[PDB]
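Okay, structure first, notes after.
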Amino acid sequence: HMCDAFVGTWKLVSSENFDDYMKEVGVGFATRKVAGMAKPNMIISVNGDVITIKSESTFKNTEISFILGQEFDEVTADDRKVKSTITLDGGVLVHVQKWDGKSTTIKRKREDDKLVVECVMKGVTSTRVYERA
Ligand SMILES: O=C(O)c1cccc(COc2ccccc2-c2ccccc2)c1
């Protein structure tokens, strides 16, 4: 029942500070503009020990599959090649991405009927709120 509170189909309803987060990450101007417009559908599923997160949007379609605690290689929507580890900490999915001696952490939590995504890169935080599709 791992991650049951997260499983389903979710749609972005609000974003704050995302352009600033993307700039801290190193995303270039054109990508930031187009990516910042996107309203993704996020699909989270669980099959045994394997979690799959898909993000579908007019910007990019991305999919990751992983086992908690077990590092994987991820190519991000903005084309970084990162090493990612996702863990469940106190009911929060914590996703750390490492590349070029940089790190960013994305946390996904359930709050009321929403799924709240917090993206942090050095001092800059963005909050993205999803509701059930
Ligand atoms: O809202 C999310 O599910 C979420 C989760 C985890 C991480 C991030 C951050 O991802 C991005 C990072 C850099 C540049 C662009 C993106 C990006 C922009 C639009 C759709 C998908 C990725 C968004």
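The numbers here are math on the coordinates, done by the rules we state, and not lab data. FYI the Cβ positions are ideal-geometry reconstructions off the backbone, even for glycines, and counts take in every protein chain you see.
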Original post:
Within the range 67-82, can one find any residue that is buried (at least 16 other Cβ atoms within 10 Å of the Cβ) and either closer than 20 Å to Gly8 by Cα or touching a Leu at 6+ places or on another chain (Cβ under 8 Å) (or both)?
Top reply: yes
Original post:
For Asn61, are the conditions met, namely being free of Cβ contacts under 8 Å to residues at least 40 places away in the same chain and among the polar types (S, T, N, Q)?
Top reply: yes
**OP:** Check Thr127 against each of (1) near the ligand (Cβ under 8 Å from one of its atoms); (2) within 13 Å of the chain's Cα centre (by Cα); (3) over 13 Å from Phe6 (Cβ atoms); (4) not aromatic (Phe, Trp, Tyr) and name the one condition it does not meet.
**Re:** (1)
Original post:
For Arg128, all conditions in the list (1) surrounded by fewer than 16 Cβ atoms within 10 Å (Cβ to Cβ); (2) touching a residue at least 24 places away in the same chain (Cβ under 8 Å); (3) charged (D, E, K, R) hold save one; what is the number of the exception?
Top reply: (1)
**OP:** Output the residue which, of all residues in the range 101-133 that are touching a strand residue (DSSP E or B) at 6+ places or on another chain (Cβ under 9 Å) and not in a strand (DSSP E or B), is nearest to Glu24 (Cα to Cα).
**Re:** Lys122
**OP:** For the range 51-70, name all the residues that are within 9 Å of the ligand (Cβ to nearest atom) and either hydrophobic (A, V, I, L, M, F, W, C) or under 15 Å from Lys98 (Cα atoms) (or both).
**Re:** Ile53, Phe59
**OP:** Among residues belonging to the range 100-124 that are at positive phi and free of Cβ contacts under 8 Å to residues at least 40 places away in the same chain, point out the one that is nearest to the ligand (Cβ to nearest atom).
**Re:** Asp100
Original post:
On the given criteria, is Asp73 more than 14 Å from the ligand (Cβ to nearest atom) and not aromatic (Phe, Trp, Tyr)?
Top reply: yes
**OP:** From the list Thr104, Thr52, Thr85, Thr62, pick out the single residue that is surrounded by 15 or more Cβ atoms within 10 Å (Cβ to Cβ), among the polar types (S, T, N, Q), under 19 Å from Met2 (Cα atoms) and within 14 Å of the chain's Cα centre (by Cα).
**Re:** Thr85
**OP:** Mind telling me which of the residues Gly36, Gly28 ends up being among the small types (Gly, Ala, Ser) and more than 9 Å from the ligand (Cβ to nearest atom)?
**Re:** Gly28
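Tell me the strands (runs of 3 or more DSSP E) entirely within the range 1-89 that contain at least 1 residues that are closer than 20 Å to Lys122 by Cβ. Lay out the reasoning, then the answer.
Working: elements: 8-16, 41-47, 50-56, 61-66, 72-75, 81-89.
Because the criterion is at least 1 residues that are closer than 20 Å to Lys122 by Cβ, the strands (runs of 3 or more DSSP E) in the range 1-89 that meet it are 8-16, 72-75, 81-89.
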